[PDB]
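# Breakdown of the fold
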Amino acid sequence: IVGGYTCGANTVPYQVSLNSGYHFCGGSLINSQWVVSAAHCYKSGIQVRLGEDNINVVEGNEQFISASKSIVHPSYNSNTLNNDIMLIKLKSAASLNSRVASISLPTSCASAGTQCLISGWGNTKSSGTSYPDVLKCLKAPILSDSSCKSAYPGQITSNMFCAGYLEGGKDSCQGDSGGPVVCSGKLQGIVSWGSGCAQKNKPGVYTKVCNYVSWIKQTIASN
Ligand SMILES: NC(=[NH2+])c1ccc(CNC(=O)[C@@H]2CCCN2C(=O)[C@H](N)Cc2ccccc2)cc1
Ligand SMILES: [Ca+2]
């Protein structure tokens, strides 16, 4: 997260870190057994880390749970990141508490102009690299689809939306991949892609979760 702020420990209790020896992606807890992340975060051997603030220090509220299965969206395209969503099942149910909590799936999509909270442990620099160890947060509005497509002509599908600031300076970044965009209490986006980070006229692009709620609900009920 570039241009954001330190969230505060466990103030985003649905935020998970995906760990394969190191943090490599974010995700969102949607019930005690399931996490939503980005398909571009797919790999084997995932440990889900819940209750995290500083990902390099055991602070006392963590739950570390291995994934038992991962399900990449059936239509994910790795060349374009269309359908950039994946479900991860926990081998044992998380113990839900005020620091480890699920985020509600959208009943309805959100409209342009709605403010959202984006969070993660990704790079905080718009040029170069600095990775924080505590969770960072950013308030950012959904941008119009026309400004999104103007920024990225020929690349935006109906399964994507842009959010952030066309002037630059505030954005998500590498390492935030797969983490949440929460608007009005619903998981509306997943950190997906963009050109650089926090660059002028290059806003963040996010998987449009509301298009996937039927698939999520049917997939978790059958797995
Ligand atoms: N909001 C942002 N500026 C931002 C940008 C990037 C990321 C992390 N996501 C990435 O790094 C993804 C993974 C594959 C390549 N990639 C990218 O974002 C590429 N830079 C652009 C690209 C390549 C192929 C298809 C779609 C988009 C997270 C946030
Ligand atoms: Ca920790």
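Residues numbered from 1 in each chain as written, not as in the entry; some residues may be left out. Chains lettered and ligands numbered in written order. Heavy atoms only, no water. Residues with missing side-chain atoms left out of burial classes, pairs and counts.

Method of determination for the deposited model, per the PDB record: X-ray crystallography, at 1.29 Å resolution.

## Points about the side chain of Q15
Tracing the backbone shows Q15 in strand 2 (residues 15-19). Its relative accessible area of 3% is what places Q15 among the buried residues. (Helix = DSSP H or I, 4+ residues; strand = E, 2+ residues; numbered from the N terminus. Buried < 20%, exposed > 50% of the residue type's maximum accessible area, 1.4 Å probe, protein only.)

## With respect to unusual backbone geometry
The backbone phi angle of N83 is positive, close to 65°, even though this residue is not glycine. Checked against the element boundaries, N83 lands in the loop between strand 6 (63-72) and strand 7 (86-90). Positive phi, normally seen in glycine, also occurs at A198, with a value near 65°. Position of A198 relative to the elements: it lies in the loop between strand 12 (186-193) and strand 13 (204-208). Classification of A198 as buried rests on a relative accessible area of 8%.

## Topic: the sheet that holds strand 12
In spatial order, the strands read 1-9-8-11-12-13-10; together these seven strands make up an open sheet with antiparallel pairing. At either end of the open sheet lies a strand with only one pairing partner, and these are strand 1 (5-6) and strand 10 (160-163). Where strand 8 (residues 115-120) lies against strand 11 (residues 180-183), two bridges are found, and the strand directions are antiparallel. Bridge pairing links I118 to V181 in strand 11. (Pairing = 2+ DSSP bridges.)

## Quick word on the domain arrangement of the protein chain
Domain parsing of the protein chain yields domain 1 (5-7 + 103-211) and domain 2 (15-102 + 212-222). One C-alpha centre belongs to domain 1, the other to domain 2; they are set 18 Å apart. Counting residues at the interface gives 29 residues for domain 1, matched by 31 residues for domain 2. A per-residue breakdown of the area domain 1 buries against domain 2 is headed by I103, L105 and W121, which together make up 28% of the total. Where domain 1 meets domain 2, there are zero salt bridges. Viewed at the interface, domain 2 and domain 1 are joined by 17 residue pairs in polar contact. For the side of domain 1 that touches domain 2, the elements supplying multiple residues, two or more each, are strand 8, strand 12 and strand 13. A total of five residues in the side of domain 1 that touches domain 2 trace back to one element, the largest contributor, which is strand 12. (Domains from an automatic or database assignment. Contact = heavy atoms within 4.5 Å. Buried area = accessible area lost by both parts, 1.4 Å probe. Salt bridge = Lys/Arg side-chain N within 4 Å of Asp/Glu carboxyl O. Polar contact = N/O pair within 3.5 Å; in protein donor to acceptor, adjacent residues only side chain to side chain.)

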